[PDB]
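Worksheet for the structure shown next.
A quick note on method: Cβ atoms are made from the backbone with ideal geometry, for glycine too, and the neighbour counts reach across all protein chains shown. Please treat every number below as a calculation from the coordinates, not as lab data.
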Amino acid sequence: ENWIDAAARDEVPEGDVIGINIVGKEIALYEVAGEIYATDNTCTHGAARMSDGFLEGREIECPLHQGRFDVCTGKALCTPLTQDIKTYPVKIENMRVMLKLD
Ligand code: FES
Ligand SMILES: [Fe+3]
């Protein structure tokens, strides 16, 4: 229901993040303690691409001004940020990463 095969599970590296372009949306995939999660690959604060980089635990650090989001809830943690980032449901199925894009 807007569910889409988006990547192989093992394309997302332990503890790190990757960027994908898919159906015209740029998306970040994250590996956090055995689970996969997803957000927009664009920082809400500026023209910054979250896939590069720095994921520490469940916190992703913007490469620009070091704003940080909780990857599981999309909530903004520290300044400069003011706006939460959009999250997308994922399920892992037969080694595939599925996304609910709206
Ligand atoms: S651009 Fe990501 S914190 Fe300002
Ligand atoms: Fe640290």
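Listed values, structure above:
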| quantity | calculated |
| --- | --- |
| Filter result (loosely packed, with under 14 Cβ neighbours inside 10 Å and within 13 Å of the chain's Cα centre (by Cα)) within region 1-15 | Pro13, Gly15 |
| Tabulated pairs, region 4-25, first touching a residue at least 60 places away in the same chain (Cβ under 8 Å), second of a type in the set (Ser, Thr, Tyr) and in a strand (DSSP E or B), C-beta under 9 angstrom, 6+ apart or interchain | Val12/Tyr30 |
| Qualifying positions in region 64-88 - touching a residue at least 24 places away in the same chain (Cβ under 8 Å) and either part of a loop (DSSP other than H, G, I, E, B) or surrounded by fewer than 15 Cβ atoms within 10 Å (Cβ to Cβ) (or both) | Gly67, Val71, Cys72, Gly74, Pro80, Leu81, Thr82, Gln83, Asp84, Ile85, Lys86, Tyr88 |
| Some residue of region 89-102 being more than 22 Å from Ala6 (Cα to Cα) and in a loop (DSSP other than H, G, I, E, B) | no |
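So that you can scan it fast, the table gives a plain yes or no per residue for (1) within 16 Å of ligand 1 (Cβ to nearest atom); (2) on the phi > 0 side of the Ramachandran plot; (3) over 10 Å from the mean Cα position of the chain (by Cα):
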| site | (1), (2), (3) |
| --- | --- |
| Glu35 | no, no, yes |
| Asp40 | yes, no, no |
| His45 | yes, no, yes |
| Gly74 | yes, yes, no |
